[PDB]
Amino acid sequence: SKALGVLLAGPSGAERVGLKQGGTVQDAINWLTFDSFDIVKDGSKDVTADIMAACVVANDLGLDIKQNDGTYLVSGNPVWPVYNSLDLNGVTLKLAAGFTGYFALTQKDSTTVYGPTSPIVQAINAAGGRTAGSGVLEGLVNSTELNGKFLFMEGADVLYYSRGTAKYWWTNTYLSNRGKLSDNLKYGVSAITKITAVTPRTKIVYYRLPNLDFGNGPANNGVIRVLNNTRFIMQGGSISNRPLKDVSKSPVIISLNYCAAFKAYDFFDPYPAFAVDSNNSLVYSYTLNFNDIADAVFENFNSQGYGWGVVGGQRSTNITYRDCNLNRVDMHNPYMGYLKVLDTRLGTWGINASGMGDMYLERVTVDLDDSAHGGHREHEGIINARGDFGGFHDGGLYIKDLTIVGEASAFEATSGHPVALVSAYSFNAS
Amino acid sequence: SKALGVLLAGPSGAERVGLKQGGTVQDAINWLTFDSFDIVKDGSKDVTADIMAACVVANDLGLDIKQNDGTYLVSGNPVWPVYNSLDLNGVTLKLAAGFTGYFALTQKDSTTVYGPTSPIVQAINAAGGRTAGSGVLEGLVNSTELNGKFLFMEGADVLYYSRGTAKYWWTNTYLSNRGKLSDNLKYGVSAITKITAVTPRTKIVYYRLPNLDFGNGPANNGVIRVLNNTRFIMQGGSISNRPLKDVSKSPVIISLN
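Just so you know, the sequences run in chain order B and C. Positions in the first sequence are counted from 1; adding 242 to them yields the deposited numbering. Positions in the second sequence are counted from 1; adding 242 to them yields the deposited numbering.
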């Protein structure tokens, strides 16, 4: 009953063919493709569920996904999880008008959360080392539970006010062993309230992003999302057929959350989004948006033109921008450690970042043309602190070889004076 | 009739062999090699025409070429076109004495040229924004034709003289939308006479260059040529057995345009 051809077509078919160098064909091939599941790739059919099935099988088997051609139509709000490498260089995703899903790139089970009643937090709160400039937590000297992990901690002391809401103590750092922290605490804290620990990978994973088609104008809050991930390298990615106007929408492309020790590469956006409201006034929209990251490098990013700032950061540590082409480098919640902008071309927005660290600039060019915007200059200088956080920057600013081009004439017409070099103030002291 | 052995060896094939993780072998392999066309790779035969045929097949199917060993002897002046990634790390090319060909790495219809009589050019020449330090071409504010492209434009005003020949106004920049330029003009121009626009890829291609053997000493004007290309990464490449003297010759290795 079992005849050749029927056996070859089945799962145990590649192990029956031998190679000249040794082994079998099955031994050589160890990855999965979209074509392995017969997914329609001409854009004529919704394949949201088919891609969902493919990712589930790959995660169970722990294999990589490789696909270098085809165009796929997706709709709804799916959540595709990926636990390993993903290569989609050459693939175009055609998003529907109501699409609100996202790829979920995460490092399986790498995160542990400790509450205020955990023994770890109580041991820390009962010992010293919680002063300014401290680099050792004395409660973890004789413990190994948190060894070799990235820590995202929160405290109980109020630091500043934003929009009338109190913000509390926090710190992002790395612990090697016996309580030693890579980055020293800048301010003291009375008690710790929560700890998030992320374990680094034992392997490097590669993400090759596809091309996203925005013809129907989706407005999701992030199409590519990285959560609880370490030791990854992101390359490629682009946007196509972006609409000129985005009335009453706030599109976000890439979002990061609880990531450490990674580097990004040549993402290309032909021009940023231009989102307005019913009164034809600019609203927020980000190409990149991250929260709670540490030890990150961004290289050869391309998003330059009119519109809102394309970068939004919050509560990060040791961020570096090298050889980028962006219209703004921004940080809402203050950073800690250092913030480096090297060999980068900047747009009319400049740099808006409150911080508890040092800012470094080297060989940076700023273009001040803002003709498309009528007025609408939120901060009156080129290098600014956040006016919605009080306008503070508890650190120094060091600039080398800065070049200024343009005039920003549209702002001068409304206000009567040109922009300032450095500005630091608050919109409302209450 | 239609035996299994004959069926397996044809274009039908790996599609009939299944993988343990799912799908077929055909679904996993999506590239081409020089061994796929039985090209002699010991330097004992000229294979200039054989390499040309392989590049034609890959361009039609939109596949990548990958070869990691062998030495090939080439001669003449062929123009091998490549529209996708090319991986020749570990391959040696033996160039004949009179070899004058090159590899052509292109982008497959990414360039548009506008002359002085085109409507786009006349729109720019009728408006302002052509002054020194200008970063916006006011004649393209309401146009979307050149959005998201690299522009290589030329002018009509003489800037300087070299060897008795006048050189004219020029600038290279990028246009995002509604006339905004990434790099400002350093000098004003009375009129613009030609614009070349290049569209960036929606993908990243990789080029891994081979090793070139210059034992016979060819003097062609560029063995690796890149024309009208964007978003690529070039890696590797080397020269071996270069002669110590090159009397009455001027060799060029890599050229970009």
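Think of the CB as a built atom: it goes at the ideal place given N, C-alpha and C, for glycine as much as any other residue.
task = Would you identify the three-state DSSP class for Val333 (chain C), choosing helix, strand or coil?
result = Reduced to three states, the DSSP call for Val333 (chain C) is coil.
key: Helix, strand or coil at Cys297 (chain C) according to DSSP, with G and I counted as helix   = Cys297 (chain C): helix per DSSP, three-state reduction.
query = On the three-state DSSP scale, how would you describe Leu382 (chain C)?
reply = Residue state, collapsed to three classes: helix.
key: Under 8 angstroms from the C-beta of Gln268 (chain B): neighbouring residues of chain C   = Residues of chain C whose Cβ lies closer than 8 angstroms to the Cβ of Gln268 (chain B) are, in chain order, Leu261 and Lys262.
key: Length at least 3, wholly inside the region 451-518 of chain B: the beta strand (DSSP E) runs in chain order   = Within the region 451-518 of chain B, the complete beta strand (DSSP E) segments at least 3 residues long are 463-472, 474-482 and 494-506, listed from N- to C-terminus.
query = How would you list, in chain order, the residues of chain C whose beta-carbon sits under 8 angstroms from the beta-carbon of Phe279 (chain B)?
reply = The answer, in chain order, is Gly264 and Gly265.
query = How would you list, in chain order, the residues of chain B whose beta-carbon sits under 9 angstroms from the beta-carbon of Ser352 (chain C)?
reply = Under the 9 angstroms cutoff, chain B gives no residues; its nearest Cβ is about 13 angstroms from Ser352 (chain C).
query = If you follow the alpha helix (DSSP H) that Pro361 (chain C) is part of, which residue opens it and which one closes it?
reply = Boundaries of the alpha helix (DSSP H) around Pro361 (chain C): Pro361 to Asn367.
ask   = Between B:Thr266, B:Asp519, B:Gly554 and B:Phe543, which lies nearest to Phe532 (chain B) when the distance is taken from Cα to Cα?
value = By alpha-carbon distance to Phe532 (chain B), the top candidate from B:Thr266, B:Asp519, B:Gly554 and B:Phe543 is B:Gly554.
query = Which residues in chain B sit within 8 angstroms of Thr407 (chain C), going by Cβ to Cβ distance?
reply = Below the 8 angstroms Cβ cutoff, chain B contributes no neighbours of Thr407 (chain C), its closest Cβ being approximately 31 angstroms away.
message = According to DSSP, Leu315 (chain B) sits in a beta bridge with which residue or residues?
response = BP columns for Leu315 (chain B) point to B:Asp288 and B:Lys336.
inquiry  = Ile481 (chain B) and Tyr448 (chain B) - do their beta-carbons sit closer together than 8 angstroms?
reply    = Annotated as distal: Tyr448 (chain B) and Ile481 (chain B), with beta-carbon spacing of 8 angstroms or more.
request  = Pair every Cβ in the region 294-305 of chain B with every Cβ in the region 440-456 of chain B, then say whether three or more of these pairs are closer than 8 angstroms.
outcome  = Two segments are said to touch when three or more pairs of C-beta atoms, one from each, lie closer than 8 angstroms; by this definition the region 294-305 of chain B does not touch the region 440-456 of chain B.
query = What did DSSP end up calling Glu396 (chain C) once you bin it into helix, strand or coil?
reply = Of the three classes helix, strand and coil, the one that applies to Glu396 (chain C) here is strand, per DSSP.
query = Of all the residues that make up the region 462-491 of chain C, which are near chain B by a beta-carbon distance shorter than 8 angstroms?
reply = For the region 462-491 of chain C, which is checked against every Cβ of chain B, the residues closer than 8 angstroms are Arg473.
query = Where does the unbroken beta strand (DSSP E) through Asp537 (chain B) begin, and where does it stop?
reply = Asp537 (chain B) -> beta strand (DSSP E) spans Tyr528 to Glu541.
Whole-angstrom distance between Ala338 (chain C) and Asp292 (chain C), CA atom to CA atom = Roughly 16 angstroms between the two C-alpha positions.
inquiry  = Using only the alpha-carbon positions, how far apart do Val355 (chain B) and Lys391 (chain B) sit?
reply    = About 12 angstroms.
ask   = To the nearest angstrom, how far is it from the Cα of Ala374 (chain B) to the Cα of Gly579 (chain B)?
value = If you take the alpha carbons of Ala374 (chain B) and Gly579 (chain B), they lie about 14 angstroms apart.
request  = Determine whether the Cβ of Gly252 (chain C) lies closer than 8 angstroms to any Cβ atom of chain B.
outcome  = False, the Cβ-Cβ gap to chain B never drops below 8 angstroms.
Partner residues on chain C for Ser613 (chain B), Cβ-Cβ distance less than 8 angstroms = Taking the beta carbon of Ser613 (chain B) as reference, the chain C residues within 8 angstroms of it are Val378 and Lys422, listed in sequence order.
ask   = Does the Cβ-Cβ distance between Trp273 (chain B) and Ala270 (chain C) come in under 8 angstroms?
value = Yes; because the gap between Cβ atoms is below 8 angstroms, this pair is in contact.
Check whether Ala666 (chain B) and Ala627 (chain B) have beta carbons under 8 angstroms apart = Yes, Cβ-Cβ distance for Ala666 (chain B) and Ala627 (chain B) is below 8 angstroms.
message = Considering just the uninterrupted stretch of the alpha helix (DSSP H) at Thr656 (chain B), what are its terminal residues?
response = Element bounds for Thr656 (chain B): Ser651 to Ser657.
key: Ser243 (chain C) at chain B interface by Cβ criterion, 8 angstroms   = No, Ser243 (chain C) does not count as interfacial toward chain B.
inquiry  = DSSP has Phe341 (chain B) in a bridge; who is on the other side?
reply    = Answer is none; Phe341 (chain B) lacks a bridge partner.
request  = Give the DSSP-derived three-state secondary structure of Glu387 (chain C) in the structure shown.
outcome  = DSSP places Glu387 (chain C) in coil when its eight states are reduced to three.
key: CA-to-CA distance, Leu568 (chain B) to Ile625 (chain B), given in whole angstroms   = Between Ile625 (chain B) and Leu568 (chain B), the C-alpha separation is close to 15 angstroms.
key: Expected contact under 8 angstroms - CB spacing of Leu423 (chain B) and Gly377 (chain B) to nearest Å   = With 8 angstroms as the limit, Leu423 (chain B) and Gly377 (chain B) qualify as a contact, their Cβ atoms being about 5 angstroms apart.
key: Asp425 (chain C) vs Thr415 (chain C) beta-carbon contact at 8 angstroms   = It is a contact, given that the beta carbons lie within the stated cut-off.
ask   = So, using beta-carbon positions, are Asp288 (chain C) and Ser317 (chain C) closer together than 8 angstroms?
value = It is a contact, given that the beta carbons lie within the stated cut-off.
key: Neighbourhood of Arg443 (chain B) by C-beta, 7 angstroms cutoff - its chain only, sequence neighbours within 5 removed   = Excluding residues within five positions, the ones whose Cβ falls inside 7 angstroms are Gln349, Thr472 and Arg473.
request  = Kindly say whether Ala291 (chain B), judged by its beta-carbon, lies nearer than 8 angstroms to any beta-carbon of chain C.
outcome  = Not a single C-beta of chain C is nearer than 8 angstroms to the C-beta of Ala291 (chain B).
key: Member of B:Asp565, B:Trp591, B:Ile535 and B:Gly340 whose CA lies at the smallest distance from the CA of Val468 (chain B)   = Of all alpha-carbon atoms in B:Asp565, B:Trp591, B:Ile535 and B:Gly340, the one lying nearest the alpha-carbon of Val468 (chain B) is that of B:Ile535.
query = For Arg405 (chain C), which three-state DSSP category applies?
reply = The three-state reading of DSSP puts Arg405 (chain C) in coil, since its state is none of H, G, I, E or B.
task = Report the rounded CA-to-CA distance for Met294 (chain B) versus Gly343 (chain C), giving the unit in angstroms.
result = Rounded to the nearest angstrom, the two C-alpha atoms are 49 angstroms apart.
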